[PDB]
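Trainee: Need coordinates for the below:
(chains A and B, ligands or ions: 16)
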2 protein chains.
Amino acid sequence: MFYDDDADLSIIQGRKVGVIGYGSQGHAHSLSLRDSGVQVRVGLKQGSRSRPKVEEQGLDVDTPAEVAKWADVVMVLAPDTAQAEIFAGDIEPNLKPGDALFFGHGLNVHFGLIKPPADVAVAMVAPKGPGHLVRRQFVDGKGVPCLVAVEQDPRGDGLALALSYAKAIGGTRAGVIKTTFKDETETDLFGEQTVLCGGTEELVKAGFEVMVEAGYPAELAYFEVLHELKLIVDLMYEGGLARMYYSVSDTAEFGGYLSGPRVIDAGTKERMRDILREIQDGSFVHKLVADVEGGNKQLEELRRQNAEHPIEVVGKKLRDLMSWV
Amino acid sequence: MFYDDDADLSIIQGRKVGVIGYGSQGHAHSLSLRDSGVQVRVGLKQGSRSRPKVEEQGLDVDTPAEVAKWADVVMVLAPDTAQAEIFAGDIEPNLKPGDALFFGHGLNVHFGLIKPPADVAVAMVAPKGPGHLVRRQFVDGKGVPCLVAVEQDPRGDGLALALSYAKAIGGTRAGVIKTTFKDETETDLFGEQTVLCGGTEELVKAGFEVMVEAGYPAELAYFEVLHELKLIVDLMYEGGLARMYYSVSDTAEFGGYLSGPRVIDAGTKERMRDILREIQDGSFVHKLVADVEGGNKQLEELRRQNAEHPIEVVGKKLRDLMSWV
Ligand SMILES: [Cl-]
Ligand SMILES: [Cl-]
Ligand SMILES: [Mg+2]
Ligand SMILES: [Mg+2]
Ligand SMILES: [Mg+2]
Ligand SMILES: [Mg+2]
Ligand SMILES: [Mg+2]
Ligand SMILES: [Mg+2]
Ligand SMILES: [Mg+2]
Ligand SMILES: [Mg+2]
Ligand SMILES: [Mg+2]
Ligand SMILES: [Mg+2]
Ligand SMILES: [Mg+2]
Ligand SMILES: [Mg+2]
Ligand SMILES: [Mg+2]
Ligand code: NA
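Mentor: Numbers count the residues shown, from 1 in each chain, chains lettered A, B, ... in the order given. Ligands and ions are numbered 1, 2, ... in the order given. Below, you will see the structure:
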């Protein structure tokens, strides 16, 4: 791991940094880079809803093409599925030999949606927390750990430059892990699909369905598989499985140890491996890009179905009771 | 549902409430009862781990039997597996005709581990949040939704008494839902086993294993299935599936919609139905009680096995980098 003493802040301080996009990460990076003495400009199309906010924070904003021409380091933090078009239309025609093209995730480069030219460095700085936390920790003199990767390095200083950037957003205060674009994106997609945004939600829905079908009230079903999951995951986030299991009752702990491996069995793990294979072979990403090109039809259909699940109906009613939410 | 105008605080204010056991919910009951003008004493053995924090709050502490003798409402917060022995020895002979026996969960009465005498009320008040939140809401003039059940009611006033108790801890400020001991405990155990403390953890572990067996770094695996789950579950807790899916990227959302139902499917639901049957038929509880009687040997063996999982090794290392946890 790399820490503050492994990174030289004067490197990034000597580079003009363009941040393309002003979502959570673009906001956190741009403000922290500026605080660290870096000359920053934000790249947004002229009609962007974010332009007035960038300007209110005292930052200069230009189009992505203008920022790419001006900058020595172009950090791309636009939405995943929008990056290829920004690259082809705005960034690629304006890259200069010896520029560095930075990303917050490995997807676009790894899967060939963006094919950088040979005359630029290509690197990634990926903080392991939401932008609000990246910024809050930085302002308080601390940091959020980051992943860094260097995919192309024709000037030989790509890692030093990426570590300098990480230091300028606080990442080396906590620690930086070096990885690859391939590993970052394949593990990210895999975790999203099997656990974060697929598996856990389907597990909650399935438990809810079983209870309602058995004639238990939907309100109790909501509490006992969804509402109560926040405490569990908060405990794991802070102290791992050990902390959570110590905190819950012996009845919950014993029940979890016996029933968990029945719910998630060897066959479930084999299906995970199938989902990983379809990430690794490019087929999932091909399907995603095709759906985007067609107007997000399948995404929008599946979105509506999940939004209409009965857990959503009862959950809205119960969350209306909760004055801290 | 029941609200403040449905409950009469003067009822519980006229009762002597003995809280037997304490644990993480103890303050949410005992401090709010006291603030609401109720006389409270806490029954704990001399060696109890809760004694220091109870004494720090200036609550009078005595043995369970002495508190039960003094009290005319006995609220049992002790661990579910310890309640039957406390009840038989310390509570039952000290329930005078017309006393009330209260619980925060339905397990012991529903499964017959505690058989109350015929001359007492038997009721449940179950706040639906962590104790710290229930108490904080109360202090701020607000509340957390509660469940209330009345299992035995010789004087005909048990619901009024339970609602008065709920009002004194803030539950009627937010809303009280009527249920039964049976439904509270069967849904609780089912959710703990299939989702909260079994299924989600085994899903996380399986995903971690798949990544590290495929050669990806354990550090990335930890982040992508465990660390990042907190943001997801926080979003669902606040706004359901819809809010979470709106807030994650298109790639994460589309991937979850496609891969989630491949990981968790109809086969999973059938296994959940078997787990539910073993809750309903008393066999899980019988196995739990027998293990407790034998010295917790199976629980301790499974606890050790889980504590040794490789996600725990890398997780401790990475959480040490995070100052905010
Ligand atoms: Cl973010
Ligand atoms: Cl409230
Ligand atoms: Mg304004
Ligand atoms: Mg302009
Ligand atoms: Mg220049
Ligand atoms: Mg991820
Ligand atoms: Mg992602
Ligand atoms: Mg324990
Ligand atoms: Mg005393
Ligand atoms: Mg008697
Ligand atoms: Mg009667
Ligand atoms: Mg529960
Ligand atoms: Mg429980
Ligand atoms: Mg379904
Ligand atoms: Mg039985
Ligand atoms: Na008594």
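Trainee: For the helix or strand harbouring residue A:132, which outside residues touch it?
Mentor: Using DSSP states H and E, residue A:132 sits within helix A:131-139. For helix A:131-139, contacts defined as Cβ atoms under 8 Å, 6 or more residues apart in numbering or on different chains pick out A:23-29, A:31-32, A:35, A:127, A:129, A:143-144, A:169-170, A:173-174, B:323-324. (Each C-beta comes from the backbone N, C-alpha and C, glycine too.)
Trainee: and chain A, which of its residues are near ligand 1?
Mentor: Residues of chain A found near ligand 1 (Cβ under 5 Å from the ion) are A:24-25, A:130-131.
Trainee: Can you say which of those are also within reach of ligand 6?
Mentor: Okay, of those, nothing touches ligand 6 (Cβ under 5 Å from the ion).
Trainee: need those in a markdown table with neighbour count, can you?
Mentor: Formatted as a markdown table, the residues of chain A next to ligand 1 follow (neighbours: other Cβ atoms under 10 Å in any protein chain shown):
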| residue | neighbour count |
| --- | --- |
| A:24 | 17 |
| A:25 | 23 |
| A:130 | 16 |
| A:131 | 20 |
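Trainee: and the residues you listed as TSV, adding distance to ligand 12?
Mentor: Listed next are the residues of chain A next to ligand 1 as TSV, based on distance: Cβ to the ion, whole Å:
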residue	distance to ligand 12
A:24	32
A:25	36
A:130	28
A:131	33
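Trainee: For residue A:208, which residues are in contact?
Mentor: Residue A:208 is in contact with A:218, A:221-222, A:225-226, A:310-311, counting by Cβ under 8 Å, 6+ apart.
Trainee: how about 10 Å then?
Mentor: Residues in contact with residue A:208, defined by Cβ atoms under 10 Å, 6 or more residues apart in numbering or on different chains, are A:216, A:218, A:221-222, A:224-226, A:309-311, A:314-315, B:191, B:194-195.
Trainee: how about it, secondary structure?
Mentor: Here residue A:208 is recorded as helix under DSSP: H, G, I helix; E, B strand; the rest coil.
Trainee: Then residue A:97?
Mentor: Secondary structure, three-state DSSP: residue A:97 is coil.
Trainee: thought it was touching residue A:118?
Mentor: Yes - the criterion here is Cβ atoms under 10 Å, and residue A:97 meets it with residue A:118 at 9.1 Å.
Trainee: Could you tell me which residues touch both of these two?
Mentor: residue A:154.
Trainee: What are the boundaries of the strands in the stretch 151-300 of chain A?
Mentor: Per DSSP state E, counting those that start in this stretch, the stretch 151-300 of chain A carries strands over the ranges A:176-178.
Trainee: What residues does it have near ligand 12?
Mentor: Contact residues (Cβ under 5 Å from the ion) of the stretch 151-300 of chain A with ligand 12: A:224, A:228.
Trainee: which bits of chain A sit near ligand 6?
Mentor: Neighbours of ligand 6 within chain A, by Cβ under 5 Å from the ion: residue A:188.
Trainee: domain parsing for chain A?
Mentor: A:1-179, A:180-325 (curated CATH domains).
Trainee: Pick out the residue of chain A closest to ligand 1.
Mentor: residue A:24 (3.6 Å; Cβ to the ion).
Trainee: Report the contact partners of that residue.
Mentor: Neighbouring residues of residue A:24 by Cβ under 10 Å, 6+ apart: A:77, A:129-135, B:247.
Trainee: Kindly recompute the last result at 7 Å.
Mentor: Residues counted as contacts of residue A:24 (Cβ atoms under 7 Å, 6 or more residues apart in numbering or on different chains) are A:130-132.
Trainee: In the stretch 51-200 of chain A, what residue comes closest to ligand 2?
Mentor: Nearest residue of the stretch 51-200 of chain A to ligand 2, counting by Cβ to the ion: residue A:132, 26.4 Å away.
Trainee: Show the backbone phi and psi for residue A:103.
Mentor: Here is the backbone geometry of residue A:103 (degrees, to the nearest 10): phi -130, psi 160.
Trainee: that older thread, measure how buried the residue of the stretch 51-200 of chain A closest to ligand 2 is and give me the count.
Mentor: By other Cβ atoms under 10 Å in any protein chain shown, the residues close to residue A:132 number 11.
Trainee: Residue A:207 now?
Mentor: Residue A:207, neighbours per other Cβ under 10 Å, totals 30.
Trainee: can you tell me which residues contact it?
Mentor: Taking Cβ under 7 Å, 6+ apart as the contact definition, residue A:207 lies against A:225, B:191, B:194-195, B:272.
Trainee: SS state for whatever residue of chain A ends up closest to ligand 2?
Mentor: Scanning chain A for the residue nearest ligand 2 gives residue A:323, at 3.9 Å (criterion: Cβ to the ion). Classification of residue A:323 using three-state DSSP returns coil.
Trainee: Next: residue A:143.
Mentor: Classification of residue A:143 by three-state DSSP places it in coil.
Trainee: Phi, psi for it please.
Mentor: phi -160, psi 170.
Trainee: Which residues are in contact with it?
Mentor: Shown in contact with residue A:143 (Cβ under 7 Å, 6+ apart): A:137, A:170-174.
Trainee: about what we covered before: so which of the contacts of residue A:207 is the most crowded?
Mentor: With neighbours defined as other Cβ under 10 Å, the most crowded of these is residue B:194; it has 35 neighbours.
Trainee: distance of residue A:156 from residue A:88?
Mentor: Here the criterion is Cβ to Cβ, to the nearest Å. By it, residue A:156 lies 28 Å from residue A:88.
Trainee: okay, the two: which has more neighbours?
Mentor: Set residue A:156 next to residue A:88 and count neighbours by other Cβ under 10 Å: residue A:88 wins out with 13 against 8.
Trainee: With ligand 16 as the reference, measure out to the more buried one.
Mentor: Going from residue A:88 to ligand 16 by Cβ to the ion, to the nearest Å gives 79 Å.
Trainee: returning to that earlier point: possible to save the domains of chain A as TSV with distance to residue B:71?
Mentor: Output for the domains of chain A, formatted as TSV (distance: least, Cβ to Cβ, whole Å):
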stretch	distance to residue B:71
domain A:1-179	47
domain A:180-325	24
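Trainee: if we compare those, which one ends up closest to residue B:46?
Mentor: Of all the domains of chain A, domain A:180-325 sits nearest to residue B:46, with 21.6 Å by Cβ to Cβ.
Trainee: show me the residues around residue A:39 that make contact.
Mentor: A:16-17.
Trainee: cutoff 10 Å now
Mentor: A:12-18, A:33, A:60, A:70-72.
Trainee: now swap in residue A:168 and tell me
Mentor: Per Cβ under 10 Å, 6+ apart, neighbours of residue A:168: A:7, A:9, A:11-13, A:15, A:17, A:29, A:32-38, A:40, A:125, A:138.
Trainee: Good, wrapping up.
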